[PDB]
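This is what each chain is made of:
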Amino acid sequence: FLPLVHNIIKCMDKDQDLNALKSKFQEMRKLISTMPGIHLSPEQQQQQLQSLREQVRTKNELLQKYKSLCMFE
Amino acid sequence: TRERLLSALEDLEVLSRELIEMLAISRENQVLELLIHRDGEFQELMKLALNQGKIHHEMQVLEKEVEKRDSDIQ
Amino acid sequence: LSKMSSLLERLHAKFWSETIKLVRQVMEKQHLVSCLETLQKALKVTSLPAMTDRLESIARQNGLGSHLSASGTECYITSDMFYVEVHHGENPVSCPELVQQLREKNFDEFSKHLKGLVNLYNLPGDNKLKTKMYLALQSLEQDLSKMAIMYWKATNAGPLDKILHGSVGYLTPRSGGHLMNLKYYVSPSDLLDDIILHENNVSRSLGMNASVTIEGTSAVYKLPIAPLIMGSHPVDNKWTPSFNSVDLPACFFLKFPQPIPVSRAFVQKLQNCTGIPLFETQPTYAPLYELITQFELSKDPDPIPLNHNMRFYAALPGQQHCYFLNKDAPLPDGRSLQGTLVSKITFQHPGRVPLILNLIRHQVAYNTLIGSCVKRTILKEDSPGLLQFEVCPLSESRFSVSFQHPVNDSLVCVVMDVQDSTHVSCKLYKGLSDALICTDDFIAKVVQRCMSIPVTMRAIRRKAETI
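The deposited coordinates derive from cryo-EM, with the record listing a resolution of 8.2 Å.

With 25 residues of chain A at the interface, the matching set in chain B holds 28 residues. Surface buried jointly by chain A and chain B totals about 2,500 Å² across both partners, of which 70% is contributed by carbon and sulfur atoms. Applying the counting rule to chain A against chain B returns one salt bridge. On the surface where chain A and chain B come into contact, there are seven residue pairs in polar contact. Listing elements by their share of the side of chain A that touches chain B, those giving two or more residues are helix 1 (2-14), helix 2 (17-32) and helix 3 (42-68) of chain A. Ranked by residue count, the leading element in the side of chain A that touches chain B is helix 3 of chain A, at seven residues. The class makeup of the residues in the side of chain A that touches chain B is ten nonpolar, nine polar and six charged.

Residue and element names in this part refer to chain C. With five bridges connecting them, strand 7 (residues 311-315) and strand 8 (residues 320-324) associate as antiparallel partners. Paired with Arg311 across the strands is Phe324, a residue of strand 8. Following strand 7, the chain reverses through four residues before pairing antiparallel with strand 8. Summarising the sheet, strand 8 and strand 10 (residues 387-393) pair through four bridges and their orientation is parallel. The residue bridging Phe324 from the neighbouring strand is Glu390, located in strand 10.

Across the contact, four residues belong to chain A and four residues belong to chain C. Counted by class, the side of chain A that touches chain C contains one nonpolar, two polar and one charged residues.

What follows covers a nonpolar patch on the surface. On the surface, a cluster of nonpolar side chains totalling about 350 Å² of accessible area is made up of A:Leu62, A:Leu63, A:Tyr66 and B:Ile73. The element that contributes the greatest number of residues to the nonpolar patch is helix 3 of chain A, accounting for three residues. Here A:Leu62 is to be found in helix 3. Accessibility expressed as a relative area gives 30% for A:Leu62, which makes it partly exposed.

Once that is clear, we can look at the UniProt feature "coiled-coil region" in chain A. Within this numbering scheme, the UniProt entry marks residues 43-70 of chain A as carrying the feature "coiled-coil region". This span, residues 43-70 of chain A, is 93% helix and 0% strand, and a straight line between its end C-alpha atoms measures 43 Å.

Turning next to the packing of aromatic side chains. Residue and element names in this part refer to chain C. For the coordinates displayed, the defined rule picks out nine aromatic pairs over all chains. On the numbers, 4.8 Å between centres and 40° between planes, the contact of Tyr121 with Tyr134 is tilted. In this pair, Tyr121 is assigned in the loop between helix 6 (107-120) and helix 7 (129-154) and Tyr134 in helix 7, connecting sequence segments 13 residues apart. When its relative accessible area of 10% is taken as the criterion, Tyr121 is described as buried. Both rings, one in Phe389 and one in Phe403, keep their centres 5.4 Å apart while their planes meet at 80°; by these two values the pair is edge-to-face. One end of the pair, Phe389, is in strand 10; the other, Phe403, is in strand 11 (residues 398-404), and 14 residues separate them in sequence. In this structure, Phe389 and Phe403 share a single accessibility class: buried.

Residues and elements named next belong to chain C. Checked against the element boundaries, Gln338 lands in strand 9 (residues 338-347). It is 24 Å that separates the C-alpha atoms of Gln338 and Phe253, two residues lying 85 residues apart in sequence. With residues near it in sequence (within four places) discarded, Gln338 still touches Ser263, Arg264, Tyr285, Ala286, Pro287, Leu288 and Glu396. Side-chain polar atoms of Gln338 contact the backbone oxygen of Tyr285, separated by 2.9 Å.

Conventions used here
Residues numbered from 1 in each chain as written, not as in the entry; some residues may be left out. Chains lettered and ligands numbered in written order. Part of a larger assembly, values for the part shown. Heavy atoms only, no water. Residues with missing side-chain atoms left out of burial classes, pairs and counts. Contact = heavy atoms within 4.5 Å. Buried area = accessible area lost by both parts, 1.4 Å probe. Salt bridge = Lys/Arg side-chain N within 4 Å of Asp/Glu carboxyl O. Polar contact = N/O pair within 3.5 Å; in protein donor to acceptor, adjacent residues only side chain to side chain. Helix = DSSP H or I, 4+ residues; strand = E, 2+ residues; numbered from the N terminus. Nonpolar A, V, L, I, M, F, W, Y, C, P; charged D, E, K, R; others polar. Pairing = 2+ DSSP bridges. Patch = residues over 30% accessible without salt bridge, like charges linked within 9 Å, V, L, I, M, F, W, Y side chains within 5 Å. Areas by Shrake-Rupley, 256 points an atom, 1.4 Å probe, with all protein chains shown as cover. Buried < 20%, exposed > 50% of the residue type's maximum accessible area, 1.4 Å probe, protein only. UniProt positions renumbered as here; feature names shortened; annotations may be inferred. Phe/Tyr/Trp six-rings, centres within 6.5 Å; stacked < 30°, edge-to-face > 60°.

Rendered as structure tokens:
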């Protein structure tokens with residue numbers, strides 16, 4: 001957003017709407033970049049990363065508990 | 001960065017609005033130091049937005065992994 | 001805290017292309033616009049035009065006549081300086097100091113040595129006498145090499161001897177704002193850091209300098225525009241008489257980074273040797289005892305006052321010392337060693353300088369001996385140690401240290417003096433019923449090792465503890 005303000009001040013010194021238009025372009029690209037973010041909190045993301053890792057690990061754990069035991073005599 | 005981008009958007013926009021007339025009435029730096037303060041601020045945000053983007057899309061893969069795993073369990 | 005008002009004001013002002021339209025209409029229908037741009041120059045990203053505007057911003061503070069010639073070449077136009085970067089002459093040298101400072105982000109010291117040439121051309125002449133004094137400066141500057149060459153011709157010794165106990169000092173070259181300085185003292189307490197080797201790639205700040213430049217005075221002295229040495233002695237230098245010369249209103253000045261608490265006798269020593277008086281006006285002469293303490297308490301300065309209150313303390317690793325310098329002793333004249341602080345030294349011709357320096361070299365070692373007692377180390381209410389040392393003055397650059405005997409309760413009165421640049425004789429007076437403590441060759445050795453006093457007052461105590 002800083003080069004937009006620099007373009008504004010250089011344009012007004014040498015002699016705006018287009019700079020505001022690309023500022024709105026930055027706003028809509030930030031809106032695209034909203035669905036990655038605080039939808040689920042980043043701290044909560046840190047906690048549920050361990051939840052997903054524990055899910056993977058307990059799924060694997062039940063898999064080798066099913067496979068490992070010799071149910072045959 | 002959701003409420004953060006809009007806060008960075010509205011602060012930088014009205015401060016850029018502020019700098020228009022103070023240049024016009026001359027023909028200060030206290031309002032200028034907040035500009036660069038929010039400039040290096042908000043440069044963290046789209047980097048953190050893509051940090052959220054890479055993290056969000058990484059989780060898309062991981063839940064696609066465990067969906068097959070659970071289906072393989074299923 | 002101005003952001004909350006900035007957030008509040010713009011939110012109300014929200015309730016924006018007319019602002020751009022009003023600004024263009026106000027524009028369509030001096031210093032302060034340059035002021036906001038210069039305050040924006042630190043905010044500008046580096047490029048070819050931006051550093052050009054940065055140097056022009058610098059030249060606004062320096063006051064130089066701003067001329068741009070290209071995107072890479074700029075010419076500095078003023079009264080007595082003309083050089084290009086990527087008067088009465090071209091650029092003397094495109095020195096690597098100028099080139100490397102502009103190549104990197106040393107734009108601040110770009111302004112400093114621009115003003116050093118202003119300091120080199122701050123003469124009040126009509127710009128003809130300016131060069132002449134500068135020529136008399138240069139003739140002096142041409143001479144300044146010769147003594148360094150002469151003493152190198154005299155002996156091929158180390159730079160320390162050229163600094164400590166030789167003619168002139170160390171010929172630090174002048175370069176733009178840099179002037180030719182001369183190096184004269186260091187104690188080995190100062191010299192050893194953390195043991196620094198004495199190679200010629202020496203820092204320009206490691207110690208204290210005798211910087212020489214000219215300064216235009218109301219007083220007029222006959223200074224040689226031509227060199228003063230055309231005939232030279234085999235190991236000495238020989239000075240031809242002045243005149244070419246003309247009555248140039250200046251004198252050659254010797255400058256130091258610090259004021260030297262110098263003796264009264266040193267003042268008449270310098271008044272007699274040059275002929276030009278050291279004092280144009282008389283200050284109130286105070287004793288040298290309180291001059292060295294503030295001289296030797298501020299070299300590692302602190303905002304907190306220490307306030308030793310004439311008792312000094314030495315938090316030493318091996319012993320504990322308490323000091324009484326005894327300003328204003330019952331001397332038979334009734335007066336102690338009075339003195340002043342000096343950094344200006346006047347001399348008309350290059351023959352005056354090397355003898356003045358020996359007097360300074362005689363003078364400075366006395367400051368470092370005396371101020372070795374003077375310390376920031378504050379060890380407090382310690383019943384062990386805290387020996388009663390009473391220093392007492394004896395003569396100019398002389399004193400004695402009478403103190404409680406450790407072995408007996410008698411006195412040892414250690415008569416001490418400075419006799420040369422760093423030469424120090426040592427004398428022992430003692431109680432009449434007393435034993436061997438030291439030889440004064442050992443005392444001279446430790447002084448010629450470090451020339452300090454609490455070390456010696458330890459080492460004497462160490463040598464007394466042995467015997």
